[PDB]
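Novice: Residue numbers (the deposited numbering), protein chains in the order written: chain P, 61 to 180; chain e, 42 to 101, 112 to 279; chain f, 48 to 68, 77 to 212; chain m, 34 to 64; chain W, 51 to 99; chain 8, 104 to 203; chain 6, 27 to 272. Take a look at this one; I'll ask things after.
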Amino acid sequence: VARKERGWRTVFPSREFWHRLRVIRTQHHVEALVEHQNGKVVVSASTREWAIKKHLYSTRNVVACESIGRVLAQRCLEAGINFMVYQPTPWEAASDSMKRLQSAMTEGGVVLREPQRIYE
Amino acid sequence: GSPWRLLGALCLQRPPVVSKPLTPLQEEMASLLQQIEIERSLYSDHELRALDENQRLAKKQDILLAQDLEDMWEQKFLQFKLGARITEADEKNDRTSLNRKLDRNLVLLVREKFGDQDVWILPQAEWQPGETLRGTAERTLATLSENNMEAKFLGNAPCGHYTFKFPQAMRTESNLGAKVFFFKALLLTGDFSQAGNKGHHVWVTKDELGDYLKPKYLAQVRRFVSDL
Amino acid sequence: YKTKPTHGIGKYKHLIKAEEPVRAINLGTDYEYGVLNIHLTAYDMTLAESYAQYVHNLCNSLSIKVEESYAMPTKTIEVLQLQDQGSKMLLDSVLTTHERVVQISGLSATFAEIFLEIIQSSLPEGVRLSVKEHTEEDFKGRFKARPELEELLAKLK
Amino acid sequence: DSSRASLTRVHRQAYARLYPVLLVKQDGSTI
Amino acid sequence: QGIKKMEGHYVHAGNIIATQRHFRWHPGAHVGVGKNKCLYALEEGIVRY
Amino acid sequence: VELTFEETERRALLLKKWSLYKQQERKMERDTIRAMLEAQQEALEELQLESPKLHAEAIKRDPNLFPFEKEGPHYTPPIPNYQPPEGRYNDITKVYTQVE
Amino acid sequence: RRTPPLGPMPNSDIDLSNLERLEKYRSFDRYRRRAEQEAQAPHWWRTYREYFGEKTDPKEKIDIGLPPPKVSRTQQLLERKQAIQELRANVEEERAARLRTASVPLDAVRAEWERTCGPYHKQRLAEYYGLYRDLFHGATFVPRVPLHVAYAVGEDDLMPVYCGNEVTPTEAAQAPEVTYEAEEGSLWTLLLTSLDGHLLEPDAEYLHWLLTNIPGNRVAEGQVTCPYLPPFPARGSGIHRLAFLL
RNA sequence: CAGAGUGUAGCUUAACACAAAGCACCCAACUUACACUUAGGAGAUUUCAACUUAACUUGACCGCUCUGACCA
Ligand SMILES: [K+]
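What follows is the structure in structure tokens.
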């Protein structure tokens with residue numbers, strides 16, 4: 061019943077959400093974030109932290125992206141986060157590294173679409 | 042005038058005559074590229090000619116076959132003897148001939164005598180009023196002994212400078228030292244005559260360039276002399 | 048709003064090249088050559104296409120504007136050999152000459168000494184290099200010959 | 034070095050196989 | 051055409067904020083845009099630019 | 104033909120050593136250019152201090168430079184005494200002409 | 027009429043003279059990355075952050091927690107580099123990562139995470155849930171000591187209490203099992219509060235459990251200052267949040 | 001030759017610690033080519049000590065740079 065920040069139809073990305081999955085992949089590392097529409101970050105998973113880096117051959121490959129989703133899904137359930145939107149670009153969504161990060165998040169129990177707001 | 046003499050030096054180069062040998066890694070990769078080029082190519086007219094004959098021969112008016120014709124080609128190849136990439140000057144190690152070390156680039160060195168002492172340097176000529184600094188380098192070739200060579204000069208700017216001082220013996224307020232500016236050129240065609248060869252000059256790769264030059268003179272020549 | 052201090056914050060067209068609808080040839084200053092055509096002719100079509108692709112990427116690394124990268128018409132050449140103990144020329148082989156061009160503008164006088172020595176060093180075997188200044192003649196050499204215009208021109212004479 | 038851009042393959046989707054040969058010139062040289 | 055609700059004005063859901071033929075003003079938070087680039091309020095509150 | 108697991112394993116591992124080998128070729132070429140340019144610019148400075156009249160001529164372009172022609176190396180050098188066979192060169196390049 | 031800007035304008039640094047010799051963006055992701063940087067910067071003009079952004083105080087929130095551990099960065103970094111070399115030397119890890127069949131053990135990732143950067147994540151999460159604001163009026167602390175709570179549901183199952191996971195009052199009818207690493211001779215104090223459960227006063231909270239002067243890890247030995255009382259969130263009142271403080 | 005100056009892989013006033021980051025760069029595929037994108041690759045604190053955190057501060061040890069000695 062909480063209002064979503066509707067609007068922003070002429071720009072990218074949208075704001076009509078409560079929680080958002082944002083993926084940041086650099087030349088060396090991969091980072092996934094769950095943040096609120098107000099900007100605050102709830103939970104995160106990066107390849108910079110020893111916990112995940114000590115088990116990966118390459119922090120920048122597809123496997124790393126698939127493993128960041130398995131670690132993030134486990135952390136989102138603990139935090140209580142079960143729904144969130146994902147706003148990728150056409151080339152990011154078609155990539156095999158983002159296709160495996162979504163599948164890993166769903167297999168963890170996270171749904172990549174938020175339920176519709178109740179107005180009445 | 043100034044207390045620094047102006048000298049127009051020359052860096053004449055003989056670029057490679059032959060291709061450089063492939064390294065162990067380049068060999069492994071070149072065999073793969075030719076293997077990948079085959080697996081992704083259509084049958085050539087010479088492959089379709091051989092396949093058809095195989096069927097016609099198996100079933101049972113082409114006089115010459117495909118495999119038969121290949122043998123003719125190979126025979127002529129084995130009869131032709133290729134030029135030697137390694138010459139007699141590489142075995143004799145005659146550093147005065149252009150023909151040696153065809154794969155690598157060569158630099159010219161002439162020995163001059165200063166203060167009753169022999170020193171290896173690049174050809175150089177003192178500047179004269181009414182002349183560009185490069186024009187002084189173009190003149191050096193003419194001063195060379197019995198030389199028939201056409202050099203192609205690259206631009207007008209110098210590719211290097213070296214400054215030295217007389218060791219307190221010839222030092223004067225009028226003359227303190229010298230300042231040489233080098234200009235690169237390419238040896239299109241030509242070579243020296245057979246009159247005087249050994250004591251005059253040598254053609255040396257950048258690796259073996261130190262043996263002749265001095266430590267300080269060498270460091271300034273190894274900056275614009277590439278070995279790519 | 049025009050009276051407000053934040054007026055003009057949305058201006059963007061002064062950051063974009065003026066594109067308001077063949078090409079006048081740039082002629083070099085005393086200090087910089089205007090335009091140049093780098094021709095790479097080779098009997099093999101892969102070596103010209105690869106050396107051209109190397110020069111195009113090298114010029115970018117060196118911050119040199121590559122105006123245009125194109126190809127020139129192929130020239131097929133029949134090679135006849137004198138038959139063994141005879142007088143008739145028999146077809147021996149067919150050689151194709153392949154040419155690629157890389158058009159650059161904005162080369163400094165001092166730097167050309169360097170850029171030239173780099174490309175000629177990395178020049179493959181069987182590939183020829185020719186760097187010429189651009190002229191309308193070259194540009195008109197890439198178009199089909201109009202013979203109708205040549206007959207009409209003769210009639211006027 | 035001559036080998037900087039020499040190692041290549043035909044970059045075409047459809048093309049007939051080509052074989053490597055030596056093109057002896059009028060002065061004895063080869064490529 | 052033009053602004054119907056200026057800075058600081060109170061609006062109700064559905065109220066048209068601005069009309070325009072070209073995008074002079076863009077829709078922000080809780081502001082919708084129709085076919086004809088008409089900006090309307092999606093929530094009750096204060097208008098801000 | 105299908106490629107054996109050992110083959111693709113060898114090819115893939117060969118393209119990983121080839122990406123690092125070409126990274127060193129470009130490093131040497133990048134450094135060589137820097138050395139050349141740093142020596143040229145530094146020599147021009149020393150030339151300005153000595154005589155600014157000569158520095159104004161060196162920085163000028165050389166119209167005699169272009170056209171600049173250069174042939175690539177060979178695989179084997181020329182033979183001193185080699186006589187080629189007799190023949191003829193005949194162009195068969197299709198001429199394209201624009202009508203209309 | 028014109029008024030001069032109150033500060034530097036956005037694109038003033040750009041030089042328009044050599045506009046043809048400037049590096050462009052050439053990509054939408056490279057412009058988007060710069061556009062996000064300048065959107066999170068302070069500006070003299072009106073911004074969305076001014077009217078909607080969560081107002082904060084300039085007085086940095088004080089820290090009331092334990093001191094951080096002291097670690098040798100040089101000796102730490104040396105050991106980590108060595109382990110990566112061993113992992114990368116094995117050709118079976120390279121082959122699995124190239125065929126896309128490798129995977130990380132989720133159980134080992136969480137044990138090292140709880141040691142290194144879990145406390146800072148739990149802090150970031152508590153700030154999002156508004157615990158420091160309500161409990162300590164803005165003062166923060168890093169939970170250096172991992173607190174493992176779990177409710178016994180039946181005889182074989184356990185409902186772990188993490189940081190915001192849903193738990194029912196039926197599973198939380200009996201006191202949970204509490205474990206935490208502590209040295210001998212130390213004294214602790216546990217606490218359970220309902221931040222939103224209160225029925226009469228908004229600001230106040232309900233005390234559900236209070237154990238004082240606990241020796242080490244043995245929670246039973248600790249004095250029972252307030253017995254355990256299960257959560258009782260009223261119907262139609264929403265979702266409440268109960269916190270265990272150590 | 002001493003004299004001073006200087007110190008993270010190419011750049012950086014990246015580095016509170018939770019951690020050696022970000023960009024630039026290299027190969028392949030797409031592209032006439034470039035570019036974009038995808039999928040991959042290589043990487044650094046000059047070295048020892050200093051009560052420890054020390055890439056950071058104090059010392060030398062190391063190379064680099066600059067000014068003369070040296071110099072055809
Ligand atoms: K309440």
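All C-beta atoms, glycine included, are put in the ideal place defined by N, C-alpha and C.
Pick out every residue whose C-beta is nearer than 6 Å to a heavy atom of ligand 1: which are they, in chain order?
Specialist: The set, ordered by position in the chain, is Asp222 (chain 6), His224 (chain 6), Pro228 (chain 6).
Novice: Could you work out which residue in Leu237 (chain 6), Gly91 (chain 6), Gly248 (chain 6), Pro36 (chain 6) is closest to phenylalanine 162 (chain 6) when comparing CA atoms only?
Specialist: Taking only the C-alpha atoms, the option nearest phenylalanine 162 (chain 6) is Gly91 (chain 6).
Novice: Which ranges would you report for the beta strand (DSSP E) in the segment 128-202 of chain 8 if only whole runs of at least 3 residues count?
Specialist: You should have 171-174, 190-194.
Novice: Going straight from the alpha carbon of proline 188 (chain 8) to that of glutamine 136 (chain f), what length do you get?
Specialist: Straight-line Cα distance between these residues: approximately 7 Å.
Novice: Just mark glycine 52 (chain W) as buried or exposed, buried being the case when its beta carbon has 16 or more other beta carbons within 10 Å.
Specialist: So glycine 52 (chain W) counts as exposed.
Novice: Determine the burial state of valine 103 (chain P): buried for a count of at least 16 other Cβ atoms within 10 Å of its Cβ, exposed for fewer.
Specialist: That one is buried.
Novice: Please state whether the Cβ-Cβ distance between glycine 168 (chain P) and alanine 139 (chain P) is less than 8 Å.
Specialist: Contact flag unset, no.
Novice: Would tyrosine 192 (chain 8) pass as a contact of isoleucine 132 (chain f) if the rule is Cβ separation under 8 Å?
Specialist: Yes, the Cβ-Cβ distance between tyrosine 192 (chain 8) and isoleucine 132 (chain f) is below 8 Å.
Novice: Under 8 Å between beta-carbons, which chain W residues line up against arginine 72 (chain 6)? List them in chain order, please.
Specialist: Those within 8 Å of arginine 72 (chain 6) in chain W are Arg98, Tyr99.
Novice: Using DSSP bridges, identify the partner residues of residue 12 (chain e).
Specialist: As shown, chain e starts at 42 and ends at 279. That puts residue 12 (chain e) outside it, with no answer to give.
Novice: What residue range is occupied by the uninterrupted beta strand (DSSP E) comprising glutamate 122 (chain f)?
Specialist: Residues 120-137.
Novice: Which residues of chain 6 have a Cβ atom closer than 8 Å to the Cβ of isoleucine 56 (chain f), listed in chain order?
Specialist: Result: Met35, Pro36, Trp71.
Novice: Using the beta-carbon of each residue, which ones in chain e are nearer than 8 Å to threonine 165 (chain f)?
Specialist: Correct list: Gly206, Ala208.
Novice: With a 10 Å radius around its C-beta and 16 neighbouring C-beta atoms as the bar for buried, classify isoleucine 174 (chain f) as buried or exposed.
Specialist: Result: buried.
Novice: Can you tell me which of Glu67 (chain f), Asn81 (chain f), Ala97 (chain f) puts its alpha carbon nearest to the alpha carbon of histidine 189 (chain f)?
Specialist: Out of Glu67 (chain f), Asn81 (chain f), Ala97 (chain f), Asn81 (chain f) has the C-alpha closest to the C-alpha of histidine 189 (chain f).
Novice: Would you mind reading off the limits of the alpha helix (DSSP H) that contains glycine 144 (chain 6)?
Specialist: 144-155 is the span of the alpha helix (DSSP H), which, as asked, contains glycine 144 (chain 6).
Novice: Express the C-alpha separation of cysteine 125 (chain P) and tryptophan 151 (chain P) in angstroms, rounding to a whole number.
Specialist: Taking the straight line joining both Cα atoms gives about 16 Å.
Novice: Name the residue from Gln46 (chain m), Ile64 (chain m), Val57 (chain m) whose alpha carbon lies nearest to the alpha carbon of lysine 127 (chain e).
Specialist: It is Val57 (chain m).
Novice: For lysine 203 (chain e), name the three-state secondary structure that DSSP assigns.
Specialist: Strand at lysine 203 (chain e).
Novice: Please list, in chain order, the residues of the segment 60-84 of chain W that have any C-beta partner in chain P closer than 9 Å.
Specialist: Per Cβ criterion, the list reads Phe73, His76, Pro77, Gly78, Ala79, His80, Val81, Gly82, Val83.
Novice: In this structure, does DSSP put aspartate 85 (chain f) in helix, strand or coil?
Specialist: In this structure, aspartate 85 (chain f) counts as coil in the three-state DSSP scheme.
Novice: Under the assumption that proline 145 (chain 6) contacts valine 168 (chain 6) (Cβ atoms under 8 Å), give the Cβ distance between them as a whole number of angstroms.
Specialist: About 5 Å separates the two Cβ atoms, so the contact holds.
Novice: Quick check on the DSSP output: the beta strand (DSSP E) that includes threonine 251 (chain 6) runs from which residue to which?
Specialist: Taken as a continuous stretch (DSSP letters only), the beta strand (DSSP E) holding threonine 251 (chain 6) covers 249-252.
Novice: In angstroms, rounded to a whole number, what distance separates the CA positions of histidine 59 (chain W) and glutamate 93 (chain W)?
Specialist: Between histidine 59 (chain W) and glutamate 93 (chain W), the C-alpha separation is close to 13 Å.
Novice: Note down, one range per segment and in chain order, each alpha helix (DSSP H) of at least 4 residues found wholly within the segment 75-119 of chain 6.
Specialist: 99-115, all fully within the segment 75-119 of chain 6.
Novice: With distances taken between CB atoms, is the gap from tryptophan 254 (chain e) to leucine 153 (chain e) smaller than 8 Å?
Specialist: Against a cut-off of 8 Å, the Cβ pair of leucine 153 (chain e) and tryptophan 254 (chain e) comes out as no contact.
Novice: At a CB-CB cut-off below 9 Å, which residues of chain f make contact with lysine 235 (chain e)?
Specialist: The answer, in chain order, is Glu168, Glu172.
Novice: When the cut-off is 8 Å and only beta carbons count, does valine 43 (chain m) lie next to chain f?
Specialist: At least one chain f Cβ lies under 8 Å of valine 43 (chain m).
Novice: Strictly below 8 Å CB to CB, what residues from chain f border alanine 38 (chain m)?
Specialist: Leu102, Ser105, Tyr106, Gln108, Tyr109, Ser177, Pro179, listed in chain order.
Novice: Within this structure, are the beta carbons of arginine 50 (chain m) and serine 72 (chain e) separated by less than 8 Å?
Specialist: No, the pair does not count as a contact, with Cβ atoms beyond the cut-off.
Novice: Between the segment 103-131 of chain P and chain 6, which residues of the former have a C-beta closer than 8 Å to a C-beta of the latter?
Specialist: If the cut-off is 8 Å between Cβ atoms, the segment 103-131 of chain P has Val103, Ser104, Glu109, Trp110, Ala111, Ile112, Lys113, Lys114, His115, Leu116, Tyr117, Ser118, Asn121, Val122, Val123, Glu126, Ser127, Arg130, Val131 near chain 6.
Novice: Going by the beta-carbon positions, is the gap between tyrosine 178 (chain 8) and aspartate 60 (chain m) smaller than 8 Å?
Specialist: Not a contact, by the Cβ cut-off of 8 Å.
Novice: At a Cβ cut of 7 Å, what residues of the segment 117-142 of chain f count as close to chain 8, listed as they run along the chain?
Specialist: The residues in question are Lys130, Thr131, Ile132, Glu133, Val134, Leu135, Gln136, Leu137.
Novice: Using a Cβ cut-off of 7 Å, pull out every chain 6 residue sitting near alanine 92 (chain P), in sequence order please.
Specialist: Going along chain 6, no residue has its Cβ under 7 Å from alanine 92 (chain P), so there is no contact; the nearest lies around 13 Å.
Novice: I want to see whether chain m comes within less than 8 Å of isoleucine 137 (chain e), judged by CB atoms only; does it?
Specialist: By this cut-off, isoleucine 137 (chain e) is not an interface position.
Novice: Given this structure, state the Cα-to-Cα distance separating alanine 142 (chain 8) from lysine 249 (chain e), to the nearest angstrom.
Specialist: Taking the straight line from one Cα to the other gives about 32 Å.
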